[PDB]
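Coming up is one lone chain in structure tokens, specifically the form solved without this ligand.
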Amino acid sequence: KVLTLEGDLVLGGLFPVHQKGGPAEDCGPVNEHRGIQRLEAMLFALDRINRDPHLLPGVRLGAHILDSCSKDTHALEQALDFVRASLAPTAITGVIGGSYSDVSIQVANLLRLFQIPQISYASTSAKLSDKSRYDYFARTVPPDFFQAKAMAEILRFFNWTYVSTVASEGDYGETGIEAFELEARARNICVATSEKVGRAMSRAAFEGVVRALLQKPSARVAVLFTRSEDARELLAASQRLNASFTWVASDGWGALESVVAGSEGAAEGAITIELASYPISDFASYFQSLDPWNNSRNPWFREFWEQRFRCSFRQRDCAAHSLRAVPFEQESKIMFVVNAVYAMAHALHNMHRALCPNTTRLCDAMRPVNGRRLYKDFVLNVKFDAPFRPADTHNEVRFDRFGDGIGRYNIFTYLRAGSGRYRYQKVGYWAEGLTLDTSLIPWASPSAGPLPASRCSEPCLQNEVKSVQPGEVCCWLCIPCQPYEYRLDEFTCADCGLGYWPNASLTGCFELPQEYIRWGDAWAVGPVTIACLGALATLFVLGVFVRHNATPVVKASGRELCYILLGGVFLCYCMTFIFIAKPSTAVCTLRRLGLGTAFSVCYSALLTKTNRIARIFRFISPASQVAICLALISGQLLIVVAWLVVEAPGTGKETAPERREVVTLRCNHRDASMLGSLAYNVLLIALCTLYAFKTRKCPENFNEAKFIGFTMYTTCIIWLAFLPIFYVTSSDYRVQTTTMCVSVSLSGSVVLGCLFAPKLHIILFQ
């Protein structure tokens, strides 16, 4: 039985009119839903196309529909006629065959060598999408793995990340979950479990897989991509265990009462994906008005009439039976067949328009039909409104670059409040864009939660996030970083200068130091005022002595020695007042100079004055006493410059501890460096002690002779009190400076009382 219609262009066709049948017969029982319902749809669409003024106005199309009873071998033998005729009916320009995963594969493999374009209407296999093996194959139905994009978009819209994926044994579940994971990666979505619900297993295996899915509470959403029976069994197993989930269904479980019946409690907010199909207002009317007598075009219509009504033509009893009275249920894959045949017609019209301009009929250049150009350039680039539309938004009939037609999916949600069960409600659609309506979804309404499945938790702040992921990168588990350090990157928290606080609030890792100079008034106002008062008093005393330095200088110690004493005490007071300064190398070196030099000169002048008395008890040499004192000071200055060049003076970055407020008060000078000179001042103190032990007293300077011992004792006491203080206050900075200033002021006051006070008393007496 071969269906042939007269026409200028003949279109091929392969439909499963008969079933697989037994081993004895190649073709068994006649299929009245998938082989004759689609065949009549193709015939009706061809007739309407031939009666369309805007679609091939002059050229009338024909048909060469064949039968493949769900057998790959039989389909191959039938399709061999298509390639044999081209090399005797009209050459088959296009084939609208292909209704099975393997039949379409065989037809495409056979027809690719002879370059015959083919658009399938019911083949959802993903293996045909590989164009490296199937060059001239197309299809109107979207492939099964195209729902992965819709699933990922839905999960991203609901902010679901820690999802669970369930696959199948066949090419349906596998080839979907493969590249469903890939689409999940592009959406920042991780897969928690990859259990495979495949072949037939006992209820124990179903309980095991549902237990493995439920073993972690972080994954409250599962993505089922299995067949209807597998989904039904999984729902039954979940209901038996009484688990709660938000299963994201697929085309296997879409708007089906045989998959959710008996498991209403388990599934209450499951997202269901179903392919969108619209009824045809004219195909049903055409199908009712059909009889086996007038409709002699279909050779298999007699068998359909005999089997459907359980009658036969030998008794002449089938006349009473009618098809209009019997209710008609349009198959889902009828609009797809209509779209496929209309796409072939549109491609032929484009060929005629862009190849035979001057001829409205079949031009001569169209006689040697070539499938390569006709397929590649035109079939994959057709864009026309879907025929017989219900005036919806499904007017997009296009083919991708991989020969896969676009598809629109209806996102159903299983409601249960309206009627208890069987309330599949459409809450959106997927047509090149997600259009979910959260108002109809119960848990999306503002009276519940999104029932989320978040990978661990992300409550961490921007400055206190480490993103340390033990096993799940999507978890973004954070560990609190050091409070004294900022972060280098959001994904990886790195300590940026943990010693001092950086600009964490500014997102930068640059440190922010605080210049806490030793200027605090609490520990400075007193000592600074005391030092200033002492310096002013010393300057006034020196000026008063200098003004009347005529009679007393010659009688008392030499004027040069008195000037040396005045300069020494003035330098000591100046150093005490200037000890506080910014942490700079210049301030450090000036302090290192003065602190030693002033003391050294002030005691060297006293020693030289005692040396004059010692000489009385080489030569006295009044003019050389100043030179000797200057040499004594210069020796200490040489020691100071040596310990200043060998020490490499500098300014410390900060005197603050490892973790505390930033402060910079330390200097490059060390305790050993200080003691290096302190040995020389200890030698000077010993010399002064020996001079005091030389107790011979001049009648004019009787008080001064004993005052030398008092000065030596005061200096010894100050040193013996400062050394334990220096050891204790080594870490302290403000206390050490105050103690040093107090000691310097005390030494200056002692020297002033030793030297100027008798002079002031003598001046007042005179």
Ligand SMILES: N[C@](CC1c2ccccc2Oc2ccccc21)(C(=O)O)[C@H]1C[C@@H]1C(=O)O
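Just count from 1 along the sequence shown to find any residue number.
Omitted here: the form solved in complex with this ligand. The next part is about that form.
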> Tell me, which of 101, 611, 410, 298 has a heavy atom within 4.5 angstroms of this ligand in the entry with it bound?
Replying inline: 101
> Since exactly one of 576, 123, 604, 272 fits, which has a heavy atom within 4.5 Å of this ligand in the entry with it bound?
Replying inline: 123
> Could you tell me if residue 171 has a non-hydrogen atom within 4.5 Å of this ligand in the entry with it bound?
Replying inline: yes
> Could you tell me if residue 346 has a non-hydrogen atom within 4.5 Å of this ligand in the entry with it bound?
Replying inline: no
> Can any non-hydrogen atom of residue 455 be found within 4.5 angstroms of this ligand in the entry with it bound?
Replying inline: no
>> Whether residue 252 contacts this ligand in the entry with it bound should be assessed with a 4.5 Å heavy atom distance threshold; does it?
In response: yes
> Which one of these stretches, 31-39, 45-53, 700-708, 61-69, sits within 4.5 Å of this ligand in the entry with it bound when only heavy atoms are counted?
Replying inline: 31-39
> Of 461-499, which residues get within 4.5 Å of this ligand in the entry with it bound if you count heavy atoms?
Replying inline: none
